[PDB]
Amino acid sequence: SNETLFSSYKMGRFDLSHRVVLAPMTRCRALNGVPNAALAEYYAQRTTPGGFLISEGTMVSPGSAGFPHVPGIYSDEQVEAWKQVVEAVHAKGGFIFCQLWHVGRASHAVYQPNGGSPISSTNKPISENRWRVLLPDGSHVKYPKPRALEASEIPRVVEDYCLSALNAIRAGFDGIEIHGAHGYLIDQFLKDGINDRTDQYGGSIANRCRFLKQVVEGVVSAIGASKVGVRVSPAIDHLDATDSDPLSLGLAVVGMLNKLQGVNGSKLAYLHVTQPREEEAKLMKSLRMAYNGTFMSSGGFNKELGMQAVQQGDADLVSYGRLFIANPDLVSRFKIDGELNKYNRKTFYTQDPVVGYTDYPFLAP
């Protein structure tokens, strides 16, 4: 139990030197959807030997974005420019996975080919009063009414996850992650709060997992289990992605992932679960035990909980978001209990390749 965020870890193929993971974070510095030297510097900065990083959500197809200047990886151009980023990470000995991200209904005509309707599991839009999509000009507008996918039209989207995945590896990524929550596409099929379907993709918790299963099994076949993570924060009501029973929803996801590992054999790279974030951390254990494999914690963490997450064996490898945004050398700072730069929301999603991106300074040598 004396293990900590600094205890080495074997994540299948990858030997991590610590449990500090760079959580996947969209930063919108990938102008026009293609990676560049800014993302290269950004990731290389936060890289450490045996350190695991997850890329900002990356488009798996045209129309799969819901934010400005997010990187894509479904094409050759995107792939080519991703290489520099990945190389900048590998040169520094880190591991990097490309998150598989499709925003589904959480998009806008502005991000859709031909200014069309983003797709989803449902036709219901993300309620306006609570959230709005952020357009490239910086304004915030209402999420539009999404067109529910046709049952048959689903295996296609899967192809996009497969190509993008195969591309990820082509660009050198050590693997990919499955962004299955936060109200995005896959989640819109998982959450009963969103999934108002009645066909072969909805209703029963099992069917609600069908899309995720097809994507995971689809990408796995394409690149191999241990090269795939599948983030699922079923207790996060982001973008109206609520669920009547999060704990039981996650167990179904876990079950499906355990079933996959039994047949497919090899274990997935990991299961990533954002805290549902008195009572603000008693529900991760269940999945953190129901699952046969490495469990990544995310959401609200700091060194304090990270250590307890590992130490008190609450959870394996832990990903960090905002703190990593503000601390390129988060691992070091954490490892020595040093100062932590403060993060600034204003530049979370701006396009400056520098300001709010590569500015947070490393500790004074």
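In case it trips you up, residue 1 is the first one in the sequence shown, and so on.
According to the PDB entry, the deposited sequence runs on from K285 to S286 with no residue lacking coordinates between them. Taking only CA atoms, the mean B-factor in the PDB entry is higher for 296-304 than for the other of 63-71 and 296-304. Averaged over their C-alpha atoms, the temperature factors of 38-46 and 305-313 are higher for 305-313. Annotation for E87, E177, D243, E153: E153 ranks highest, by Cα B-factor. Note on the listed residues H182, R105, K227, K259: the highest Cα temperature factor in the record is that of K259. Annotation for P24: C-alpha temperature factor in the lowest third relative to the rest of the modelled chain, per the entry. In the deposited entry, the Cα temperature factor of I336 sits in the top third of values across the chain's modelled residues. Looking at the C-alpha B-factors along this chain, the one for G255 belongs to the middle third.
For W101, the recorded CA B-factor ranks within the lowest third of the chain. Only modelled residues enter the ranking. When the CA B factors of the chain's modelled residues are split into thirds, the value for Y291 lands in the middle one.
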